[PDB]
Amino acid sequence: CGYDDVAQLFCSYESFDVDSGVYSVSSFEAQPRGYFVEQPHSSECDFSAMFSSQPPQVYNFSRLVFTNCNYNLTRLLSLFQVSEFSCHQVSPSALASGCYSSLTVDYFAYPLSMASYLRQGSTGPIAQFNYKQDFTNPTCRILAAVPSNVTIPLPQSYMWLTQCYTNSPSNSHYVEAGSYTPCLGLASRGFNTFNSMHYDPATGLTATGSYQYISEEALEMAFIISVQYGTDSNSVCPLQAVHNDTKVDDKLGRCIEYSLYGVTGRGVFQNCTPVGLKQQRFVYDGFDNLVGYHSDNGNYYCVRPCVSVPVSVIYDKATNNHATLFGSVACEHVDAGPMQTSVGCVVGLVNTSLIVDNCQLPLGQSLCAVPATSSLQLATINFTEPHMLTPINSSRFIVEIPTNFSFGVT
Amino acid sequence: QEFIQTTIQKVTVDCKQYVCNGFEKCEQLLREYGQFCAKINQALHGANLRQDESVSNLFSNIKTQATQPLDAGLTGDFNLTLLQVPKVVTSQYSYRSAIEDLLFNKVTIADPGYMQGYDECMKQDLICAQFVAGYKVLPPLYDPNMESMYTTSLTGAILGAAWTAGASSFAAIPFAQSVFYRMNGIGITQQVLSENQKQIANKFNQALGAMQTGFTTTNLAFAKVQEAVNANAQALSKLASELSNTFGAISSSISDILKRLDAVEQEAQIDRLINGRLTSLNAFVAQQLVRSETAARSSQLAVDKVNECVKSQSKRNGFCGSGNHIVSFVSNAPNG
Amino acid sequence: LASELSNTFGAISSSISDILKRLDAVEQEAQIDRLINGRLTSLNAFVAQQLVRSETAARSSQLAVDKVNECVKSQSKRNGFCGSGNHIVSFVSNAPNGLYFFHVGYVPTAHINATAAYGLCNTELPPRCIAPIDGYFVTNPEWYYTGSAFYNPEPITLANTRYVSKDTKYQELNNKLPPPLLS
Amino acid sequence: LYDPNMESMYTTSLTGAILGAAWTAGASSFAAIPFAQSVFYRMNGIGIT
Amino acid sequence: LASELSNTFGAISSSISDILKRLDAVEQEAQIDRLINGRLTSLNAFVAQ
Amino acid sequence: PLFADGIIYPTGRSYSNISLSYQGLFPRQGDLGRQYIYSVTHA
Ligand SMILES: *[C@@H]1O[C@H](CO)[C@@H](O[C@@H]2O[C@H](CO)[C@@H](O[C@@H]3O[C@H](CO)[C@@H](O)[C@H](O)[C@@H]3O)[C@H](O)[C@H]2NC(C)=O)[C@H](O)[C@H]1NC(C)=O
Ligand SMILES: *[C@@H]1O[C@H](CO)[C@@H](O[C@@H]2O[C@H](CO)[C@@H](O)[C@H](O)[C@H]2NC(C)=O)[C@H](O)[C@H]1NC(C)=O
Ligand SMILES: *[C@@H]1O[C@H](CO)[C@@H](O[C@@H]2O[C@H](CO)[C@@H](O)[C@H](O)[C@H]2NC(C)=O)[C@H](O)[C@H]1NC(C)=O
Ligand SMILES: *[C@@H]1O[C@H](CO)[C@@H](O[C@@H]2O[C@H](CO)[C@@H](O)[C@H](O)[C@H]2NC(C)=O)[C@H](O)[C@H]1NC(C)=O
Ligand SMILES: CCCCC/C=C\C/C=C\CCCCCCCC(=O)O
Ligand SMILES: *[C@@H]1O[C@H](CO)[C@@H](O)[C@H](O)[C@H]1NC(C)=O
Ligand SMILES: *[C@@H]1O[C@H](CO)[C@@H](O)[C@H](O)[C@H]1NC(C)=O
Ligand SMILES: *[C@@H]1O[C@H](CO)[C@@H](O)[C@H](O)[C@H]1NC(C)=O
Ligand SMILES: *[C@@H]1O[C@H](CO)[C@@H](O)[C@H](O)[C@H]1NC(C)=O
Ligand SMILES: *[C@@H]1O[C@H](CO)[C@@H](O)[C@H](O)[C@H]1NC(C)=O
Ligand SMILES: *[C@@H]1O[C@H](CO)[C@@H](O)[C@H](O)[C@H]1NC(C)=O
Ligand SMILES: *[C@@H]1O[C@H](CO)[C@@H](O)[C@H](O)[C@H]1NC(C)=O
């Protein structure tokens with residue numbers, strides 16, 4: 001099927017014989033070759049706040065947001081022994097492979113015995129009063145253990161809230177997705193053997209919590225991460241996703257793959273007239289597609305989708321001759337032989353100014369291929385002219401009256 | 001003024017390119033749906049073939065066997081130059097009449113481009129979206145010059161005499177005398193027609209002059225022409241804009257799914273996209289088939305209208321035009 | 001309709017037996033529901049296309065009734081409807097999905113050019129002019145009558161002429177006169 | 001609805017249908033005129049003497 | 001048009017309220033998107049008809 | 001809105017010569033808001 005277009009026609013019809021005609025076949029797809037990579041010098045994302053101090057509790061989770069920086073993901077992952085992970089609308093391999101507009105990390109000290117309380121449908125105290133995961137963005141929840149005690153300082157104990165209500169448990173205050181608990185000020189006092197409930201007389205609020213103990217075991221942490229796409233001009237990229245910068249000045253006019261400040265895709269680049277805003281670096285259409293790019297060399301490049309040349313086969317069964325019609329394209333782009341017709345560039349036809357009355361392989365625009373008893377000929381559809389009659393200048397007129405006749409059956 | 005549509009736009013779709021946009025993983029997943037893509041292509045090919053045969057039948061039926069020259073000085077006091085090819089031609093078509101120029105110029109039609117459409121698209125829009133989405137507008141069977149030839153040969157067609165009911169004789173009678181007999185056949189005596197020659201010619205010329213500036217928003221047949229053009233553009237727009245449907249996937253593009261998910265999730269999202277696009281293509285094929293049969297029936301009605309009004313005088317009141325029909329002229333129009 | 005049953009619609013197989021023997025209960029329910037939804041949508045599309053085809057066939061059957069009533073049970077006087085040229089007689093035979101017509105028409109083959117006149121009058125004071133009926137006044141003066149569909153000069157009589165008012169385009173005959181114009 | 005024999009009977013009965021005469025425009029009378037004479041009158045009505 | 005609204009399209013219910021009160025967030029998104037796609041396809045078929 | 005009062009631009013992109021329907025955080029049309037005046041001390 002890959003030898004030529006007529007064999008692809010035979011394969012598409014799944015038979016060794018097809019009727020004569022002009023058949024559309026698969027287009028000449030141009031796969032992207034060459035790379036245009038443009039990235040800033042950037043900096044290292046500052047994760048030292050996570051390691052410099054004691055991790056907080058689940059109700060008092062700390063948040064780190066990273067934007068326009070590069071981070072060593074392998075070094076960060078090598079410091080933790082991951083026990084489980086759950087990801088939504090993204091995968092960890094894609095996180096290590098691609099770039100994103102922003103990266104948000106929610107980390108807290110969390111015991112691994114309560115891992116089921118951090119899952120999607122859980123209705124225990126953790127999901128009701130401590131932390132509910134937000135699923136408006138691609139998210140990954142990671143639960144890991146810290147093998148070396150010199151990485152993160154060990155907190156005294158694991159602590160969490162069991163219930164938080166105003167007057168009675170029938171008036172409990174539930175936490176929101178990605179937000180802090182209403183009982184945060186009460187839960188800041190801590191929970192130990194002596195203290196298991198805290199009450200405020202002014203607003204009436206009450207908070208009850210439980211605790212574990214950390215004694216000569218590894219620290220267990222929980223990380224809830226989230227990423228965003230297409231919401232910034234700069235990107236957050238792992239250091240394994242950073243490639244060498246190339247130039248577009250030699251790949252213009254052809255389908256190439258690009259990675260422009262973390263935005264990846266394939267397209268055709270042309271030196272276009274600058275439109276849009278220079279500072280935003282990206283121009284989009286109404287369908288959320290990249291159509292332009294303000295580069296760092298001072299030029300504006302308009303991005304176009306990769307296109308394929310339409311291909312048609314002019315097949316004649318009786319003579320077993322085939323010709324290729326490239327619809328609406330000049331013969332230089334394709335580069336008897338090729339020639340330019342009204343319907344595009346044809347290959348395999350011979351032009352001899354032949355005129356035919358009727359023909360069975362119409363190419364359009366009054367052009368058609370005629371088999372010769374051997375290659376097909378490019379011919380034109382004949383317009384017969386009516387018999388011209390000129391009236392005479394008198395009171396009489398000339399009329400053509402039949403003298404012989406036949407009977408025609410319609 | 002009456003517009004009869006004889007054809008629709010011929011569209012063929014590359015099913016593999018439309019569904020997968022040249023992605024190897026999507027093609028591997030679509031190899032399970034090869035027969036449906038083949039059926040879509042074969043159905044579209046059959047519809048386009050039937051359209052070509054319908055157009056050929058239309059232009060075969062309205063052919064004339066005899067024609068007279070109707071230049072100025074031979075048509076009498078009747079100004080028929082609006083129905084004829086201009087002596088100074090600027091239309092890009094050497095056989096297109098002036099009234100066909102007015103018809104074609106005042107209709108908003110995007111030029112598809114059958115010669116260098118790909119080159120014009122890549123040099124600097126549902127026409128440039130053919131090479132992106134994966135479809136192609138097929139050119140019509142005849143170039144506009146041949147259609148203009150066929151329609152202009154009907155204006156000076158020589159027919160049988162008014163009293164001789166039939167089509168076996170070719171009476172070379174001037175246009176003024178033909179109009180005289182056509183007006184006599186509806187109930188006007190010979191004395192009135194002999195005494196009112198100049199007034200009749202003036203009223204005919206006034207009717208044609210008003211026919212010139214009548215392609216405006218108020219005119220309804222012109223609205224029908226624009227409606228046919230808009231129907232073609234709407235079919236192309238639906239075909240092009242169905243590719244942005246996510247169908248429940250995280251993205252409507254294969255590249256984001258490939259770069260944001262692992263293998264199994266990629267398979268599932270790409271399968272959702274494949275199923276949605278195949279269902280959309282099936283709906284498009286059904287719509288194109290329906291429009292093709294409708295256009296074929298309307299082209300047969302156009303054949304009947306030509307044979308009744310253009311090649312003869314109609315005694316059926318209200319069929320050709322309001323009141324007593326005198327003479328009719330047919331000119332080429334977009335899609336009919 | 002028959003080949004839409006092989007569509008997996010995204011399932012692991014297009015047959016229920018493989019799904020039942022390959023997966024557990026929940027996965028079986030998911031795949032079978034996928035197949036059910038796909039097949040129901042295909043059946044809805046089939047019902048729509050059959051409705052369209054049935055209404056089209058009904059309209060075409062009414063057109064066939066009109067064609068029978070015009071061409072088979074009569075001779076149509078409007079040219080181009082039944083067949084080509086002058087319709088003579090039509091025959092209708094049964095077809096696998098409808099009706100097949102055989103319109104026999106009059107097809108001339110050889111044409112000659114003849115000098116014809118609109119009408120003839122004498123120089124009498126109440127001038128009576130005659131016009132041909134379904135024919136022409138031909139010559140080559142002496143004027144004869146011929147049919148419109150066949151050239152055959154014949155004497156001008158009251159069986160092929162009708163009296164009309166005087167026109168300036170009519171030939172004024174002085175030397176020879178047909179019996180309609182003689183007195 | 002109909003077996004092909006009935007349909008062919010319907011289409012065959014139309015070939016030998018007798019109708020009103022050529023000069024009598026209508027469908028109220030049945031003129032038993034042979035096929036040759038009917039063809040003669042049909043050719044007379046198109047312009048052959 | 002009225003009866004296409006009772007189609008579950010493979011969801012646990014043909015009504016949004018039961019899905020909202022029976023499932024968690026992600027499953028709610030999945031089932032509601034299933035209903036959305038089914039109803040959009042039904043509306044497209046209705047428009048063509 | 002005819003002078004684009006209080007319009008927050010999209011953060012990481014731009015659009016050229018189109019009309020787009022955008023869902024975000026915008027002030028209501030015809031809202032008077034609250035007016036604050038800072039004066040000068042006694043002198
Ligand atoms: C926001 O600020 C308020 C102060 O306006 C904080 O509330 C205060 O929190 C401290 C520490 O939890 C309370 O001190 C404790 O008082 C109890 C007696 O009720 C005593 O037994 C403890 O040993 C400790 O000293 C303080 O009373 C409390 N004040 C009020 C008015 O509530 C609140 O914690 C702050 N919010 C956050 C999130 O930090
Ligand atoms: C990312 O972190 C890894 C550590 O996990 C770095 O790999 C180490 O690099 C140092 C200095 O080049 C070597 O001495 C070590 O042998 C490497 N391996 C380990 C396990 O420590 C890696 O270089 C970092 N990448 C970047 C770009 O800084
Ligand atoms: C949440 O945890 C942070 C630590 O991650 C607490 O911040 C500490 O607060 C104490 C006194 O409030 C300070 O002495 C420390 O220097 C702070 N450390 C850091 C790293 O900020 C914070 O108080 C906790 N919040 C609640 C409500 O308990
Ligand atoms: C901005 O968009 C408008 C609307 O498409 C463009 O106006 C068109 O300009 C072309 C000339 O190339 C005309 O043929 C169209 O009729 C115009 N359309 C309308 C609705 O007026 C305008 O050219 C665009 N501006 C730029 C700088 O590209
Ligand atoms: C295990 C407790 C006893 C179970 C039997 C008693 C009642 C059954 C009724 C409701 C159960 C709903 C909660 C399901 C627990 C999921 C785990 C979690 O939320 O973390
Ligand atoms: C970590 O644990 C080892 C175990 O012996 C101990 O020697 C060391 O002091 C601990 N480090 C810290 C910072 O507590
Ligand atoms: C990038 O360039 C450096 C030299 O500047 C080279 O050592 C390195 O191998 C290159 N990387 C790639 C992926 O080409
Ligand atoms: C690109 O175009 C700009 C003007 O639009 C011009 O200044 C620049 O030299 C061009 N660069 C190339 C490589 O053509
Ligand atoms: C075919 O050849 C004739 C004669 O040379 C020429 O006029 C015509 O343009 C040619 N057509 C094509 C399509 O090359
Ligand atoms: C083409 O048509 C012309 C009349 O217009 C005729 O003279 C010529 O013979 C025709 N050519 C062929 C090949 O039939
Ligand atoms: C009419 O044509 C046929 C066939 O060419 C011929 O046999 C017959 O003699 C012709 N008749 C006349 C009168 O020319
Ligand atoms: C006929 O009309 C055209 C405009 O349609 C005009 O230019 C021309 O002069 C007119 N001819 C006569 C003889 O009035």
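No hydrogens, no waters, no symmetry mates; every other heavy atom, side chains included, goes into these values. Chain A is the first sequence line, chain B the second, and so forth, proteins listed ahead of strands; every chain is numbered from 1.
Looking at B:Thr75, its side chain never comes within 3.5 Å of a backbone N or O of B:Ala72 through a donor-acceptor pair. Between the side chain of B:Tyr150 and the main chain of B:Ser60, no donor-acceptor pair closer than 3.5 Å is present. Here the side chain of C:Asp134 pairs no donor or acceptor atom with the backbone of B:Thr164 at under 3.5 angstrom. At least one donor-acceptor pair under 3.5 Å links the side chain of C:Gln75 to the backbone N or O of C:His87. Side chain of B:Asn202 to backbone of B:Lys198: a donor-acceptor contact under 3.5 angstrom is found. No donor-acceptor pair closer than 3.5 Å links the side chain of C:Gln171 to the backbone N or O of C:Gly119. Without hydrogens or angle criteria, B:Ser298 side chain to B:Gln5 main chain gives a donor-acceptor distance under 3.5 Å. Side-chain atoms of B:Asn205 come within 3.5 Å of backbone N or O of B:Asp77 as a donor-acceptor pair. Of the possible polar contacts, one joining the C:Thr146 side chain to the C:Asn152 backbone as a donor-acceptor pair under 3.5 Å is found. Side chain of A:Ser366 to main chain of B:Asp143: a donor-acceptor pair is present (N/O by atom type, distance under 3.5 Å, no hydrogens or angles).
The aromatic rings of B:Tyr181 and C:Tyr118 sit tilted relative to each other, their planes meeting at an angle between 30° and 60°. Using the six-membered ring where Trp is involved, B:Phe204 and B:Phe175 have ring planes that are perpendicular, over 60° apart on the 30 and 60° scheme. Using cut-offs of 30° and 60° for the angle between ring planes, the C:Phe101 and C:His103 rings count as parallel.
Under 3.5 Å, the side chains of C:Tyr106 and B:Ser168 contain no donor-acceptor pair of N or O atoms. No side-chain N or O of B:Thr155 forms a donor-acceptor pair with one of B:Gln84 less than 3.5 Å apart. Judged by distance alone, the side chains of C:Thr56 and C:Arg53 never bring a donor and an acceptor atom under 3.5 Å apart. If you check the side chains of B:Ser148 and B:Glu100, you find a donor sitting under 3.5 Å from an acceptor. Side-chain contact check for B:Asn219 and B:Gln1: at least one donor-acceptor pair (N or O, by modelled atom type) lies under 3.5 Å. Between the side chains of B:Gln234 and B:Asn230, no donor-acceptor pair of N or O atoms lies under 3.5 Å. At a cut-off of 3.5 Å, with distance as the only test, a side-chain donor of C:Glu154 or D:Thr49 sits close to an acceptor on the other residue. When only modelled atom types and interatomic distance are considered, B:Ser91 and B:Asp101 share a side-chain donor-acceptor pair under 3.5 Å.
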Working for ring pair (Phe, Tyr, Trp, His ring centres under 6.0 Å), residues C:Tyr145 and C:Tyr136: CA-CA 6 Å; C:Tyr145 170 80; C:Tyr136 300 103; 8.8 Å; no
From CA spacing to verdict: side-chain contact (heavy atoms from CB on, under 4.5 Å), B:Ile8, B:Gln288: CA-CA 9 Å; B:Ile8 61 159; B:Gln288 286 283 126; 3.9 Å; yes
Stepwise side-chain contact (heavy atoms from CB on, under 4.5 Å) test for C:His111 and A:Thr403: CA-CA 6 Å; C:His111 280 89; A:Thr403 45; over 6 Å; no
side-chain contact (heavy atoms from CB on, under 4.5 Å) assessment of B:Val327 paired with B:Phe329: CA-CA 7 Å; B:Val327 70; B:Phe329 312 104; 3.7 Å; yes
Steps toward side-chain contact (heavy atoms from CB on, under 4.5 Å) verdict (B:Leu208, B:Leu83): CA-CA 9 Å; B:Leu208 258 63; B:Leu83 282 312; 3.7 Å; yes
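For C:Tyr100, the OH atom is loosely surrounded, since the number of other residues' heavy atoms within 6.0 Å does not exceed 12. Other residues, nucleotides and ligands contribute over 12 non-hydrogen atoms within 6.0 Å of the OH atom of C:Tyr170. In the displayed structure, B:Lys106 atom NZ is contacted under 6.0 Å by more than 12 heavy atoms of other residues, nucleotides or ligands. By the 6.0 Å contact criterion, CZ on C:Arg162 is open, its count of non-hydrogen atoms from other residues, nucleotides or ligands being 12 or less.
When side chains are defined from C-beta on, C:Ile112 does not count as touching A:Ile401, because their heavy atoms never get closer than 4.5 Å. Within the 4.5 Å cutoff, the side chain of C:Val164 has no heavy atoms near those of the C:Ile130 side chain. Taking 4.5 Å as the limit, some side-chain heavy atom of B:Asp52 sits within range of a side-chain heavy atom of B:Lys10. Residues C:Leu99 and D:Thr11 form a side-chain contact, since some pair of their non-hydrogen atoms from C-beta on lies under 4.5 Å apart. Counting only heavy atoms from C-beta outward, the side chains of B:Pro334 and B:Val225 approach each other to under 4.5 Å. Residues C:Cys129 and C:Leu120 are not in side-chain contact: their nearest non-hydrogen atoms beyond the backbone lie 4.5 Å or more apart. Counting heavy atoms from C-beta on, the side chains of B:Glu308 and B:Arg316 come closer than 4.5 Å. By the 4.5 Å heavy-atom criterion applied to side chains, B:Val229 and B:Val107 are counted as neighbours.
The minimum heavy-atom distance linking B:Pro174 with A:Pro391 is given by the pair CG-CB, 4.3 Å. The shortest non-hydrogen separation linking A:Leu389 to B:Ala172 is CB-CB, 4.4 Å. Closest non-hydrogen pair, C:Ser148 versus D:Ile46, comes out as OG-O, 3.7 Å. Considering all non-hydrogen atoms of both residues, B:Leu301 and B:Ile4 come closest at O-CD1, 4.3 Å. Annotation for B:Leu103 and B:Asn332: closest pair CD1-O, 3.7 Å, computed over non-hydrogen atoms. The nearest pair of heavy atoms linking B:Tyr142 to B:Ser56 is OH-OG, 4.1 Å.
Remark: B:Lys224 does not engage B:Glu2 in a salt bridge, criterion side-chain N to carboxylate O under 4.0 Å. Using a 4.0 Å cut-off between a side-chain N of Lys or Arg and a carboxylate O of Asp or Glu, B:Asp71 and B:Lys87 do not qualify as a salt bridge. The existence of a salt bridge linking B:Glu53 and B:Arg50 is excluded, since no basic side-chain nitrogen approaches an acidic carboxylate oxygen closer than 4.0 Å. Using a 4.0 Å cut-off between charged nitrogen and carboxylate oxygen, B:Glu147 and B:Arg96 do not count as a salt-bridge pair.
Atoms CG and OG, from B:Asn57 and B:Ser299 in turn, are 8.0 Å apart once rounded to the nearest 0.5 Å. Rounding to the nearest 0.5 Å places NE2 of A:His387 at 11.5 Å from OG1 of B:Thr64. To the nearest 0.5 angstrom, B:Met146 atom CE is 10.0 Å from A:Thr380 atom OG1. Within the model, atoms OG of B:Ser292 and CG of B:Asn48 stand 7.0 Å from one another, a figure rounded to the nearest 0.5 Å. Put simply, CE on D:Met43 and CG on C:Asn86 are 9.5 Å apart, with the number rounded to the nearest 0.5 Å. Once rounded to the nearest 0.5 Å, the distance linking OH of B:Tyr114 with CD of A:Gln365 reads 6.5 Å.
Judged by the 6.0 Å and 45° rule, C:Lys169 forms no cation-pi pair with A:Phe397. The cationic atom of B:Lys63 (NZ for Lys, CZ for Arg) does not lie both less than 6.0 Å from the six-membered ring centre of A:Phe383 and within 45° of the ring axis.
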